[PDB]
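Everything below belongs to model.txt, which stores compact mmCIF, C-alpha atoms and all ligand atoms.
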```txt
# COMPACT_ATOMS: atom_id res chain seq x y z
CA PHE D 4 143.73 75.28 172.79
CA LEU D 5 140.40 73.70 171.93
CA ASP D 6 139.32 72.75 168.38
CA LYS D 7 136.30 75.05 168.72
CA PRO D 8 135.96 77.91 171.22
CA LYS D 9 133.50 77.74 174.12
CA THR D 10 131.76 81.06 173.45
CA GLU D 11 129.23 80.85 176.32
CA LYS D 12 129.42 84.02 178.45
CA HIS D 13 128.97 84.47 182.15
CA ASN D 14 127.47 87.85 182.92
CA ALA D 15 126.66 89.98 185.95
CA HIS D 16 125.61 93.60 186.55
CA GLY D 17 124.62 95.94 189.34
CA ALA D 18 124.22 99.53 190.42
CA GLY D 19 124.90 101.80 193.34
CA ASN D 20 127.14 104.53 194.70
CA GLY D 21 126.55 106.52 191.46
CA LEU D 22 127.91 103.68 189.31
CA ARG D 23 126.46 100.91 187.14
CA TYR D 24 128.55 97.91 186.04
CA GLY D 25 128.37 95.00 183.67
CA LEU D 26 130.76 92.17 183.19
CA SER D 27 131.35 89.27 180.81
CA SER D 28 133.75 86.31 180.94
CA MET D 29 134.29 83.66 178.23
CA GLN D 30 136.58 80.62 178.06
CA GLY D 31 137.13 81.08 174.30
CA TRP D 32 139.76 78.93 172.54
CA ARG D 33 141.64 77.79 175.70
CA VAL D 34 141.16 74.27 177.16
CA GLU D 35 140.65 75.65 180.70
CA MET D 36 138.89 78.68 182.23
CA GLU D 37 141.24 80.28 184.75
CA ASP D 38 139.89 83.87 185.02
CA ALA D 39 137.91 85.23 187.96
CA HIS D 40 136.47 88.63 188.99
CA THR D 41 135.26 90.70 191.98
CA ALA D 42 132.46 93.26 191.81
CA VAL D 43 131.44 94.92 195.07
CA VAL D 44 129.28 98.05 195.15
CA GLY D 45 129.29 99.19 198.77
CA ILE D 46 132.07 97.54 200.75
CA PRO D 47 130.58 96.22 204.00
CA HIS D 48 131.82 96.75 207.60
CA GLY D 49 132.42 100.51 207.14
CA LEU D 50 133.27 101.18 203.51
CA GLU D 51 129.71 101.45 202.25
CA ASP D 52 130.45 104.61 200.21
CA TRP D 53 133.19 102.65 198.38
CA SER D 54 133.29 100.11 195.53
CA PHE D 55 135.85 97.58 194.30
CA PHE D 56 136.10 95.78 190.94
CA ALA D 57 138.86 93.47 189.77
CA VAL D 58 139.81 90.95 187.08
CA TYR D 59 142.19 88.06 187.79
CA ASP D 60 143.88 86.30 184.89
CA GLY D 61 145.07 82.91 186.22
CA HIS D 62 147.78 80.72 184.62
CA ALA D 63 148.95 77.14 185.35
CA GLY D 64 145.56 76.63 187.07
CA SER D 65 142.58 78.49 188.57
CA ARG D 66 143.33 78.12 192.29
CA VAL D 67 145.14 81.44 192.87
CA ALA D 68 142.77 83.51 190.62
CA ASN D 69 139.71 81.99 192.40
CA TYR D 70 141.01 82.64 195.92
CA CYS D 71 141.97 86.25 195.09
CA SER D 72 138.50 86.89 193.69
CA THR D 73 136.90 86.16 197.07
CA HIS D 74 139.71 87.20 199.51
CA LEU D 75 141.90 90.00 198.15
CA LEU D 76 139.51 92.77 199.15
CA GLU D 77 139.45 91.44 202.73
CA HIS D 78 143.21 91.28 202.80
CA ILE D 79 143.41 94.92 201.65
CA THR D 80 140.79 96.41 203.96
CA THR D 81 141.58 94.60 207.25
CA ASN D 82 145.37 95.04 207.57
CA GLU D 83 146.98 97.60 209.90
CA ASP D 84 148.33 99.75 207.04
CA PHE D 85 144.77 100.23 205.64
CA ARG D 86 143.03 100.53 209.05
CA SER D 98 144.21 109.29 203.68
CA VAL D 99 145.62 108.48 200.22
CA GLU D 100 148.99 107.41 201.59
CA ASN D 101 147.34 104.86 203.95
CA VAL D 102 144.96 103.48 201.29
CA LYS D 103 147.88 102.95 198.90
CA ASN D 104 149.97 101.25 201.63
CA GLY D 105 146.97 99.17 202.69
CA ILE D 106 146.56 97.93 199.14
CA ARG D 107 150.28 97.10 198.90
CA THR D 108 150.16 95.32 202.28
CA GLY D 109 147.07 93.33 201.19
CA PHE D 110 148.82 92.01 198.12
CA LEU D 111 151.92 90.95 200.09
CA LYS D 112 149.89 89.26 202.88
CA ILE D 113 147.61 87.33 200.53
CA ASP D 114 150.67 86.14 198.53
CA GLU D 115 152.27 84.87 201.75
CA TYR D 116 148.99 83.37 203.07
CA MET D 117 148.13 81.48 199.89
CA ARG D 118 151.66 80.02 199.90
CA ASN D 119 150.65 78.14 203.13
CA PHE D 120 147.71 76.22 201.68
CA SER D 121 148.28 72.43 201.49
CA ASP D 122 147.84 72.43 197.68
CA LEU D 123 150.32 75.33 197.15
CA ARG D 124 153.14 74.13 199.44
CA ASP D 128 149.43 73.31 192.64
CA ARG D 129 151.59 75.65 190.57
CA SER D 130 149.11 78.39 189.69
CA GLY D 131 149.57 82.14 189.59
CA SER D 132 147.34 85.10 188.71
CA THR D 133 147.49 88.68 187.57
CA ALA D 134 145.25 91.14 189.32
CA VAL D 135 143.90 94.47 188.12
CA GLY D 136 141.31 96.45 190.04
CA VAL D 137 139.89 99.78 191.10
CA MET D 138 138.88 100.89 194.58
CA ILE D 139 136.40 103.74 194.04
CA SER D 140 135.90 106.18 196.92
CA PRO D 141 133.66 109.25 197.00
CA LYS D 142 136.65 111.42 195.99
CA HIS D 143 139.29 109.17 194.40
CA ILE D 144 139.77 106.27 192.02
CA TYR D 145 142.65 103.97 193.08
CA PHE D 146 143.89 101.96 190.06
CA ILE D 147 145.67 98.78 191.15
CA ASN D 148 147.77 96.59 188.97
CA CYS D 149 149.88 93.49 189.29
CA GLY D 150 150.58 91.75 185.97
CA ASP D 151 149.53 92.35 182.33
CA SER D 152 145.79 92.86 182.75
CA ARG D 153 144.95 96.58 182.48
CA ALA D 154 142.51 99.21 183.63
CA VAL D 155 141.69 102.30 181.56
CA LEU D 156 139.64 105.43 182.38
CA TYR D 157 137.59 107.34 179.79
CA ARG D 158 136.86 110.98 180.76
CA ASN D 159 135.56 113.99 178.74
CA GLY D 160 135.55 111.88 175.56
CA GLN D 161 139.25 110.83 175.76
CA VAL D 162 141.35 108.04 177.28
CA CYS D 163 142.47 109.70 180.50
CA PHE D 164 144.51 107.07 182.35
CA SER D 165 145.93 103.59 181.85
CA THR D 166 147.71 101.17 184.23
CA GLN D 167 151.17 99.94 183.08
CA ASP D 168 151.49 96.28 182.07
CA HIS D 169 154.12 94.31 184.03
CA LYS D 170 156.17 92.69 181.26
CA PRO D 171 159.62 91.03 181.74
CA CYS D 172 161.15 93.27 179.02
CA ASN D 173 160.25 96.49 180.87
CA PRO D 174 163.43 98.26 182.10
CA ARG D 175 162.88 98.06 185.88
CA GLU D 176 161.27 94.60 185.67
CA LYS D 177 164.26 93.29 183.70
CA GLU D 178 166.62 94.85 186.30
CA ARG D 179 164.89 93.11 189.24
CA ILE D 180 164.79 89.82 187.35
CA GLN D 181 168.54 90.08 186.61
CA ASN D 182 169.33 91.06 190.18
CA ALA D 183 167.51 87.85 191.29
CA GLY D 184 169.78 85.72 189.13
CA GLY D 185 167.36 85.18 186.24
CA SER D 186 167.40 86.42 182.68
CA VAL D 187 164.76 87.65 180.22
CA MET D 188 164.72 85.33 177.18
CA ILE D 189 162.06 85.43 174.41
CA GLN D 190 160.45 88.33 176.36
CA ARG D 191 159.72 85.93 179.30
CA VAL D 192 161.04 85.35 182.84
CA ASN D 193 163.79 82.73 182.41
CA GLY D 194 162.10 82.10 179.03
CA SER D 195 158.87 80.78 180.57
CA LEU D 196 156.65 83.36 182.36
CA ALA D 197 155.12 86.22 180.26
CA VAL D 198 154.40 88.50 183.24
CA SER D 199 156.92 89.94 185.65
CA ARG D 200 154.38 90.46 188.45
CA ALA D 201 151.69 88.12 189.78
CA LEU D 202 150.19 86.46 192.84
CA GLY D 203 151.12 82.77 193.27
CA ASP D 204 153.75 81.41 190.88
CA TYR D 205 155.82 80.33 193.86
CA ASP D 206 158.51 78.55 191.70
CA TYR D 207 159.61 82.12 190.81
CA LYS D 208 159.74 83.33 194.38
CA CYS D 209 162.39 81.00 195.91
CA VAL D 210 165.45 83.18 195.34
CA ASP D 211 167.72 83.06 198.45
CA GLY D 212 168.51 86.39 200.15
CA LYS D 213 165.80 88.46 198.45
CA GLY D 214 162.56 89.84 199.96
CA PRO D 215 159.05 89.20 198.49
CA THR D 216 159.29 92.28 196.23
CA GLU D 217 162.81 91.37 194.97
CA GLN D 218 161.93 87.90 193.59
CA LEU D 219 161.95 86.75 189.92
CA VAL D 220 158.21 87.50 189.93
CA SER D 221 156.91 90.14 192.34
CA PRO D 222 153.44 90.30 194.04
CA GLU D 223 153.90 94.07 194.69
CA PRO D 224 151.09 96.02 192.98
CA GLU D 225 151.45 99.49 191.45
CA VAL D 226 148.79 101.83 192.77
CA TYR D 227 147.75 105.02 191.00
CA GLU D 228 145.35 107.41 192.71
CA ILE D 229 143.25 109.77 190.56
CA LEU D 230 140.95 112.57 191.74
CA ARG D 231 137.38 111.92 190.56
CA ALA D 232 135.83 114.44 188.13
CA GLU D 233 132.29 115.18 187.07
CA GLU D 234 133.50 114.36 183.53
CA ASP D 235 134.39 110.74 184.41
CA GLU D 236 132.53 108.45 182.01
CA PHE D 237 133.65 104.86 182.46
CA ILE D 238 136.45 102.50 183.50
CA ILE D 239 137.28 99.26 181.65
CA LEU D 240 139.10 96.36 183.37
CA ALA D 241 140.14 93.50 181.15
CA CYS D 242 142.87 90.97 180.73
CA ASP D 243 145.49 90.55 178.00
CA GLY D 244 143.17 88.41 175.84
CA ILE D 245 141.28 91.66 175.18
CA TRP D 246 144.13 94.16 175.13
CA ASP D 247 146.13 91.91 172.76
CA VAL D 248 143.76 92.77 169.89
CA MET D 249 142.43 96.24 170.86
CA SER D 250 144.31 99.42 171.88
CA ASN D 251 143.16 101.70 174.72
CA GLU D 252 141.70 104.33 172.37
CA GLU D 253 140.30 101.71 170.05
CA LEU D 254 138.41 99.92 172.85
CA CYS D 255 137.19 103.13 174.50
CA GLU D 256 135.78 104.39 171.20
CA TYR D 257 134.19 100.95 170.49
CA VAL D 258 132.49 100.87 173.92
CA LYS D 259 131.42 104.49 173.44
CA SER D 260 129.80 103.61 170.10
CA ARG D 261 127.98 100.66 171.72
CA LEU D 262 126.67 102.71 174.64
CA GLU D 263 125.07 104.87 171.93
CA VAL D 264 122.75 102.00 171.03
CA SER D 265 122.52 99.92 174.22
CA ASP D 266 122.39 100.72 177.94
CA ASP D 267 122.64 97.01 178.79
CA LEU D 268 126.21 96.76 180.17
CA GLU D 269 126.18 92.95 180.13
CA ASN D 270 125.31 93.19 176.42
CA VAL D 271 127.97 95.82 175.69
CA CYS D 272 130.53 93.66 177.50
CA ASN D 273 129.41 90.59 175.46
CA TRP D 274 129.85 92.60 172.28
CA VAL D 275 133.39 93.57 173.28
CA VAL D 276 134.31 89.99 174.02
CA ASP D 277 132.84 88.63 170.70
CA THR D 278 134.56 91.43 168.80
CA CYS D 279 137.94 90.45 170.31
CA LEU D 280 137.25 86.76 169.52
CA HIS D 281 136.55 87.72 165.84
CA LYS D 282 139.80 89.73 165.83
CA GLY D 283 141.52 86.45 166.61
CA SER D 284 142.07 86.40 170.37
CA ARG D 285 142.58 82.77 171.44
CA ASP D 286 142.66 83.57 175.18
CA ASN D 287 140.17 83.32 178.02
CA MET D 288 138.60 86.80 178.21
CA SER D 289 137.08 88.82 181.08
CA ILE D 290 135.90 92.42 180.99
CA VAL D 291 134.30 94.60 183.65
CA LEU D 292 132.71 97.89 182.52
CA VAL D 293 132.01 100.50 185.22
CA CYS D 294 129.95 103.55 184.11
CA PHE D 295 129.62 106.72 186.23
MG MG F 301 144.95 86.17 179.51
```

Exercise: express the given structure as structure tokens:
Amino acid sequence: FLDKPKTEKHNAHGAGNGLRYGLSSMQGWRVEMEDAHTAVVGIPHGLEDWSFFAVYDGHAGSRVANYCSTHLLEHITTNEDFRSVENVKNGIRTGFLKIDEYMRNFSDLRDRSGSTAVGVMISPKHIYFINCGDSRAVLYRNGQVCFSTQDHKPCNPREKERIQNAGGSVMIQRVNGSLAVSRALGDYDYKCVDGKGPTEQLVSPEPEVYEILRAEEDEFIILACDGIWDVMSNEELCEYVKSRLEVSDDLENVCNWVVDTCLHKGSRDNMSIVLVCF
């Protein structure tokens, strides 16, 4: 932690495919910035009617977060499982596994970094929520929270079971008393258990994928990391954003307001939020 937070924001925004987005990231109280993001409206080479947005919360360095931000989408869309809902979901799963294996082979990783990843792939008919770690995506529809991804915490029943089966333990709500997420990309020190596949390791790169039919009543999706969700609940943040959209249509601005509000509520983390309005 710094003595004084770096409150400078990086912002971006864009529009297309019947969406508008804004985003904001801030280093905040932490000594390093290790978050990254992806915002693609109109996926090229065939997926022009689709969009993808993601937030990556890095730890023990930026290297994994940064690489995901510019390569995960490629890994998802170009594998043989991706190339129907079934196939999209498998393609996403395959992309996560292949990037985790690929990154492992870089000279610096053979660097101890890891990253969460949360995203949405938006098609003309479906939203695919994607989660790996304790970042979170939430959908607001018809004036209510409609959907939330499930945070991957070591204390969760099935996460604890896998961890125990891999010879670890959950102590102080952390993997072997150190890692505060039970799923992530990178973190290779937690993926060296003999006799276990990639998805059976102390920390798993397997994402959970939730597909949701799109509705005319869809209002917005929020993607943010635990530095936001730590101080605001799903309903609390949705209602906040809703109240801000009442006075501003500048999504960068709205996102900056969210981030500053969470800082004032005491969040000492790096923070990244992406707001996608329909
Ligand atoms: Mg964080």

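Counting all atoms listed in the file, the residue from D:59, D:24, D:70, D:120 that sits nearest to ligand MG 301 (chain F) is D:59.
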
Residue contacts of residue 158 in chain D (7 Å, only C-alpha atoms) excluding same-chain residues fewer than 5 positions away, as a tab-separated table (two decimals) with C-alpha atoms, in the frame of the given file:
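Result went into out00.tsv, see below:
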```
chain	number	residue	atom	x	y	z
D	163	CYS	CA	142.47	109.70	180.50
D	234	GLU	CA	133.50	114.36	183.53
D	235	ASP	CA	134.39	110.74	184.41
D	236	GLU	CA	132.53	108.45	182.01
```

Go through range 25-146 of chain D and flag each residue having an atom no more than 9 Å from range 240-255 of chain D; for those, report the closest pair of atoms plus their distance in Å to one decimal, using only C-alpha atoms, ordered by chain and rising number, as a Markdown table.
```
| residue | atom | partner | partner_atom | distance |
| --- | --- | --- | --- | --- |
| D:38 | CA | D:242 | CA | 8.8 |
| D:56 | CA | D:240 | CA | 8.2 |
| D:57 | CA | D:240 | CA | 7.0 |
| D:58 | CA | D:241 | CA | 6.5 |
| D:59 | CA | D:242 | CA | 7.7 |
| D:60 | CA | D:242 | CA | 6.3 |
| D:133 | CA | D:242 | CA | 8.6 |
| D:134 | CA | D:242 | CA | 8.9 |
| D:135 | CA | D:240 | CA | 7.0 |
| D:136 | CA | D:240 | CA | 7.0 |
| D:137 | CA | D:240 | CA | 8.5 |
```

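Of the listed residues (D:105, D:141, D:61, D:222), D:61 comes nearest to ligand MG 301 (chain F); the distances count all atoms listed in the file.
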
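Taking all atoms listed in the file into account, ligand MG 301 (chain F) lies nearest to D:35 out of the set D:267, D:35, D:128, D:233.
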
Between CA of residue 22 in chain D and CA of residue 156 in chain D - distance in Å to one decimal:
13.7 Å

Name the residues in contact with range 179-188 of chain D at a cut-off of 12 Å, using all atoms listed in the file, excluding same-chain residues fewer than 6 positions from it; report them as a PDB file with C-alpha atoms, in the coordinates of the input.
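What landed in result_7.pdb:
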```
ATOM      1  CA  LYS D 170     156.170  92.690 181.260  1.00  0.00           C
ATOM      2  CA  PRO D 171     159.620  91.030 181.740  1.00  0.00           C
ATOM      3  CA  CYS D 172     161.150  93.270 179.020  1.00  0.00           C
ATOM      4  CA  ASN D 173     160.250  96.490 180.870  1.00  0.00           C
ATOM      5  CA  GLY D 194     162.100  82.100 179.030  1.00  0.00           C
ATOM      6  CA  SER D 195     158.870  80.780 180.570  1.00  0.00           C
ATOM      7  CA  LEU D 196     156.650  83.360 182.360  1.00  0.00           C
ATOM      8  CA  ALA D 197     155.120  86.220 180.260  1.00  0.00           C
ATOM      9  CA  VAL D 198     154.400  88.500 183.240  1.00  0.00           C
ATOM     10  CA  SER D 199     156.920  89.940 185.650  1.00  0.00           C
ATOM     11  CA  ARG D 200     154.380  90.460 188.450  1.00  0.00           C
ATOM     12  CA  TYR D 207     159.610  82.120 190.810  1.00  0.00           C
ATOM     13  CA  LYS D 208     159.740  83.330 194.380  1.00  0.00           C
ATOM     14  CA  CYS D 209     162.390  81.000 195.910  1.00  0.00           C
ATOM     15  CA  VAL D 210     165.450  83.180 195.340  1.00  0.00           C
ATOM     16  CA  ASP D 211     167.720  83.060 198.450  1.00  0.00           C
ATOM     17  CA  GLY D 212     168.510  86.390 200.150  1.00  0.00           C
ATOM     18  CA  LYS D 213     165.800  88.460 198.450  1.00  0.00           C
ATOM     19  CA  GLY D 214     162.560  89.840 199.960  1.00  0.00           C
ATOM     20  CA  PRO D 215     159.050  89.200 198.490  1.00  0.00           C
ATOM     21  CA  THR D 216     159.290  92.280 196.230  1.00  0.00           C
ATOM     22  CA  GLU D 217     162.810  91.370 194.970  1.00  0.00           C
ATOM     23  CA  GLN D 218     161.930  87.900 193.590  1.00  0.00           C
ATOM     24  CA  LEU D 219     161.950  86.750 189.920  1.00  0.00           C
ATOM     25  CA  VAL D 220     158.210  87.500 189.930  1.00  0.00           C
ATOM     26  CA  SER D 221     156.910  90.140 192.340  1.00  0.00           C
TER      27      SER D 221
END
```

Atoms added to range 112-143 of chain D (N, CA and C atoms), reported as a PDB file, keeping the file's coordinate frame:
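After the write, rebuild.pdb holds the following:
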```
ATOM      1  N   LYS D 112     150.456  90.207 201.892  1.00  0.00           N
ATOM      2  CA  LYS D 112     149.890  89.260 202.880  1.00  0.00           C
ATOM      3  C   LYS D 112     149.101  88.137 202.230  1.00  0.00           C
ATOM      4  N   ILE D 113     148.307  88.430 201.205  1.00  0.00           N
ATOM      5  CA  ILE D 113     147.610  87.330 200.530  1.00  0.00           C
ATOM      6  C   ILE D 113     148.632  86.419 199.833  1.00  0.00           C
ATOM      7  N   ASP D 114     149.702  86.982 199.261  1.00  0.00           N
ATOM      8  CA  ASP D 114     150.670  86.140 198.530  1.00  0.00           C
ATOM      9  C   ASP D 114     151.340  85.169 199.512  1.00  0.00           C
ATOM     10  N   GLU D 115     151.653  85.678 200.701  1.00  0.00           N
ATOM     11  CA  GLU D 115     152.270  84.870 201.750  1.00  0.00           C
ATOM     12  C   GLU D 115     151.296  83.833 202.289  1.00  0.00           C
ATOM     13  N   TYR D 116     150.048  84.234 202.496  1.00  0.00           N
ATOM     14  CA  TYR D 116     148.990  83.370 203.070  1.00  0.00           C
ATOM     15  C   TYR D 116     148.716  82.196 202.127  1.00  0.00           C
ATOM     16  N   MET D 117     148.469  82.517 200.859  1.00  0.00           N
ATOM     17  CA  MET D 117     148.130  81.480 199.890  1.00  0.00           C
ATOM     18  C   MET D 117     149.245  80.430 199.841  1.00  0.00           C
ATOM     19  N   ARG D 118     150.498  80.889 199.843  1.00  0.00           N
ATOM     20  CA  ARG D 118     151.660  80.020 199.900  1.00  0.00           C
ATOM     21  C   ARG D 118     151.527  78.858 200.924  1.00  0.00           C
ATOM     22  N   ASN D 119     150.851  79.121 202.049  1.00  0.00           N
ATOM     23  CA  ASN D 119     150.650  78.140 203.130  1.00  0.00           C
ATOM     24  C   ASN D 119     149.530  77.109 202.953  1.00  0.00           C
ATOM     25  N   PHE D 120     148.726  77.240 201.918  1.00  0.00           N
ATOM     26  CA  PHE D 120     147.710  76.220 201.680  1.00  0.00           C
ATOM     27  C   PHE D 120     148.388  74.892 201.306  1.00  0.00           C
ATOM     28  N   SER D 121     147.760  73.783 201.728  1.00  0.00           N
ATOM     29  CA  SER D 121     148.280  72.430 201.490  1.00  0.00           C
ATOM     30  C   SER D 121     148.536  72.168 200.012  1.00  0.00           C
ATOM     31  N   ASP D 122     147.636  72.612 199.132  1.00  0.00           N
ATOM     32  CA  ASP D 122     147.840  72.430 197.680  1.00  0.00           C
ATOM     33  C   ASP D 122     148.949  73.309 197.043  1.00  0.00           C
ATOM     34  N   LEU D 123     149.309  74.414 197.695  1.00  0.00           N
ATOM     35  CA  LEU D 123     150.320  75.330 197.150  1.00  0.00           C
ATOM     36  C   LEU D 123     151.738  75.070 197.639  1.00  0.00           C
ATOM     37  N   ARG D 124     151.855  74.497 198.842  1.00  0.00           N
ATOM     38  CA  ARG D 124     153.140  74.130 199.440  1.00  0.00           C
ATOM     39  C   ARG D 124     153.924  73.193 198.552  1.00  0.00           C
ATOM     40  N   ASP D 128     150.074  72.347 193.530  1.00  0.00           N
ATOM     41  CA  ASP D 128     149.430  73.310 192.640  1.00  0.00           C
ATOM     42  C   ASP D 128     150.470  74.371 192.290  1.00  0.00           C
ATOM     43  N   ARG D 129     150.529  74.754 191.025  1.00  0.00           N
ATOM     44  CA  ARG D 129     151.590  75.650 190.570  1.00  0.00           C
ATOM     45  C   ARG D 129     151.035  76.941 189.965  1.00  0.00           C
ATOM     46  N   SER D 130     149.818  77.320 190.381  1.00  0.00           N
ATOM     47  CA  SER D 130     149.110  78.390 189.690  1.00  0.00           C
ATOM     48  C   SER D 130     149.612  79.764 190.106  1.00  0.00           C
ATOM     49  N   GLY D 131     149.320  80.740 189.260  1.00  0.00           N
ATOM     50  CA  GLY D 131     149.570  82.140 189.590  1.00  0.00           C
ATOM     51  C   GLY D 131     148.402  82.929 189.020  1.00  0.00           C
ATOM     52  N   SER D 132     148.376  84.230 189.278  1.00  0.00           N
ATOM     53  CA  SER D 132     147.340  85.100 188.710  1.00  0.00           C
ATOM     54  C   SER D 132     147.824  86.534 188.677  1.00  0.00           C
ATOM     55  N   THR D 133     147.416  87.230 187.624  1.00  0.00           N
ATOM     56  CA  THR D 133     147.490  88.680 187.570  1.00  0.00           C
ATOM     57  C   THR D 133     146.329  89.208 188.398  1.00  0.00           C
ATOM     58  N   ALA D 134     146.377  90.496 188.710  1.00  0.00           N
ATOM     59  CA  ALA D 134     145.250  91.140 189.320  1.00  0.00           C
ATOM     60  C   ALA D 134     145.245  92.602 188.878  1.00  0.00           C
ATOM     61  N   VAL D 135     144.086  93.056 188.429  1.00  0.00           N
ATOM     62  CA  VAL D 135     143.900  94.470 188.120  1.00  0.00           C
ATOM     63  C   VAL D 135     142.604  94.852 188.793  1.00  0.00           C
ATOM     64  N   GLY D 136     142.562  96.013 189.427  1.00  0.00           N
ATOM     65  CA  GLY D 136     141.310  96.450 190.040  1.00  0.00           C
ATOM     66  C   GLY D 136     141.213  97.960 190.207  1.00  0.00           C
ATOM     67  N   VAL D 137     140.056  98.405 190.657  1.00  0.00           N
ATOM     68  CA  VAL D 137     139.890  99.780 191.100  1.00  0.00           C
ATOM     69  C   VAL D 137     139.156  99.788 192.432  1.00  0.00           C
ATOM     70  N   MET D 138     139.635 100.594 193.377  1.00  0.00           N
ATOM     71  CA  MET D 138     138.880 100.890 194.580  1.00  0.00           C
ATOM     72  C   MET D 138     138.351 102.308 194.344  1.00  0.00           C
ATOM     73  N   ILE D 139     137.034 102.452 194.316  1.00  0.00           N
ATOM     74  CA  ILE D 139     136.400 103.740 194.040  1.00  0.00           C
ATOM     75  C   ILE D 139     135.827 104.336 195.338  1.00  0.00           C
ATOM     76  N   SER D 140     136.401 105.452 195.758  1.00  0.00           N
ATOM     77  CA  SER D 140     135.900 106.180 196.920  1.00  0.00           C
ATOM     78  C   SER D 140     135.034 107.369 196.484  1.00  0.00           C
ATOM     79  N   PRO D 141     134.407 108.067 197.441  1.00  0.00           N
ATOM     80  CA  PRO D 141     133.660 109.250 197.000  1.00  0.00           C
ATOM     81  C   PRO D 141     134.524 110.278 196.248  1.00  0.00           C
ATOM     82  N   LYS D 142     135.816 110.374 196.558  1.00  0.00           N
ATOM     83  CA  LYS D 142     136.650 111.420 195.990  1.00  0.00           C
ATOM     84  C   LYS D 142     137.726 110.944 195.028  1.00  0.00           C
ATOM     85  N   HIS D 143     138.155 109.685 195.168  1.00  0.00           N
ATOM     86  CA  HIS D 143     139.290 109.170 194.400  1.00  0.00           C
ATOM     87  C   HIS D 143     138.955 107.875 193.668  1.00  0.00           C
TER      88      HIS D 143
END
```
